[PDB]
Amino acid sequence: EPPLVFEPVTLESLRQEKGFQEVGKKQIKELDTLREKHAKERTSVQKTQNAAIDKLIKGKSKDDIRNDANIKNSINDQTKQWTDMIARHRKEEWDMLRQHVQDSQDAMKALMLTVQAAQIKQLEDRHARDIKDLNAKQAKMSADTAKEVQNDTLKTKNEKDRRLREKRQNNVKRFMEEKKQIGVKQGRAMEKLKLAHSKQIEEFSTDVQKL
């Protein structure tokens, strides 16, 4: 029997024993299993992190867009409100203007009737002066005829008195014819006056009714 020879025990040879390698293998799995506790958590923690925020943003987005909805809902109300106000404000003008016109119309028509009447009275008032005036002239002659006879070449009152009686009555004829004429022109003047007023009314009425 050859003498025993013993391998040296080395870090290498010990390292390679399969019993000792079984220690390593156990250890790695223990670390795989640790990585398996971390990956689960790592992933799941990010899952909570993401889940909360992703819905957290949605909650805010729900209100945020809602707030926009409340401006359109308000402004759209606020704009019509303006339209309601202008529409009736627009009436206010139309309502008022109609009275302006009606009253302006009314006033013009009143103004007409007055002036028309003012002309009538101006004529009437004149017409009466003419007759007094005339009366005077007629009276003045009556003296003038009478005074002349007294200074006339008639020698005797018998003849003097006969001629004034002739003259006076002749003059009374003239006084009456004079009166007939002024009666007539005055009547003619008046009618023509009232006919102008009448037509003015007719034309004024047609002229307004147009507008």
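Counting begins at 1, following the sequence as shown.
S.K.: Higher average CA B factor in the deposited record is what I'm after, so tell me if that's 28-36 or 153-161.
M.R.: Here the higher of the two C-alpha B-factor means belongs to 153-161.
S.K.: Please compare 106-114 with 89-97 and say which has the higher mean C-alpha temperature factor in the record.
M.R.: Higher mean C-alpha B-factor: 89-97.
S.K.: Per the entry, which of 184, 65, 143, 176 tops the list for Cα B factor?
M.R.: So the option with the highest C-alpha B-factor is 65.
S.K.: Among the modelled residues of its chain, does the C-alpha B-factor of residue 17 lie in the lowest, middle or highest third?
M.R.: For residue 17, the deposited C-alpha B-factor lands in the highest third.
S.K.: Lowest, middle or highest third: where is residue 180 by Cα B-factor in its chain?
M.R.: Lowest third of the chain for residue 180's C-alpha B-factor.
S.K.: Based on the deposited C-alpha B factors for this chain, I'd like to know if residue 81 is in the lowest, middle or highest third.
M.R.: Highest third.
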